[PDB]
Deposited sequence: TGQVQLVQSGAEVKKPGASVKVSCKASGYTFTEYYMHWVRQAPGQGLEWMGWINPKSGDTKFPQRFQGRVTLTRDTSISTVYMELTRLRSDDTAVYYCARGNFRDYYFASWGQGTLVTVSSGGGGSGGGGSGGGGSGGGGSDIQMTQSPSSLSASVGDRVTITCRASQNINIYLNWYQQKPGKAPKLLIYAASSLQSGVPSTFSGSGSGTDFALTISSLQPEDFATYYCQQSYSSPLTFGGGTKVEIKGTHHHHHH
């Protein structure tokens, strides 16, 4: 019902710039902030900043202040992300993600745009990798370097896919999620628990804090088949 569709893949030389678009359908565009989040190949998720589309107001972290410009066209419910002065470590998949309550959680994500360039609260997840079997119960830990109360969300990501939100507010199960999933914790230490691993729970799992800016992600608990 809600959809966020992004421009195609881009190939760039270092020193160039890239504009990525995010068309929004299914809801009232102006009532929801739009964030951007990138992901280098084989790496974790890095928040880039948000635009409020009623006003055009942006908020960026120091990493991208003056590197990236967010604009929107309310005429056609679209958001644009321009990243200037590209270098090789900018190669990545860029996602627009719709914020809920500005930045509490990211229920809705786009499909991602691969940009390929030629040549502060820490979230801590354990284990990095694990192997298991259908029916196994699996517990993942996430750890914040500061009290974040219950401003914690859990996401599942399959290869070549945008992150699905599974849990928000530390322990709220997102609509449409198998109830085998549960969340716990409040303050600094959190656990994601799968009661019975089913065949399509094999994915990388990320935790993410929404307490304070910049928004940061744990580095990823990968859940494999034996």
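The deposited sequence has C-alpha coordinates everywhere except the stretches 1-2, 122-141, 249-256.
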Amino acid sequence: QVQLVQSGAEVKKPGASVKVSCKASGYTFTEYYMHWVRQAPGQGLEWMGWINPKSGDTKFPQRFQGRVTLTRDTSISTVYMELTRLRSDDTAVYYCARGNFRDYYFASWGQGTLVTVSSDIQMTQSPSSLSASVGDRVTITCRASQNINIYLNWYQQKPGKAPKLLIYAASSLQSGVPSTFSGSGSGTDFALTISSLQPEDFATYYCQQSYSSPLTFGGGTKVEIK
From here on, numbers count along this sequence of modelled residues.
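According to the PDB record, 133-141 carries the higher mean C-alpha B-factor of the two stretches 133-141 and 94-102.
The stretch 201-209 shows the higher mean C-alpha B-factor when 19-27 is compared against 201-209 in the entry.
Highest CA B-factor among the listed residues (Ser55, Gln39, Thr69, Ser195): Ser195.
As recorded in the PDB entry, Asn149 shows the highest C-alpha B-factor of the residues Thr113, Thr74, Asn149, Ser108. For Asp120, the recorded CA temperature factor ranks within the middle third of the chain's modelled residues.
Sorting the modelled residues of the chain by their CA temperature factor places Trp47 in the lowest third. Per-chain ranking of the deposited C-alpha B factor places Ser88 in the highest third. The deposited CA B-factor of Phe190 belongs to the highest third of values across its chain. When all modelled residues of the chain are sorted by CA temperature factor, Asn153 is found within the middle third.
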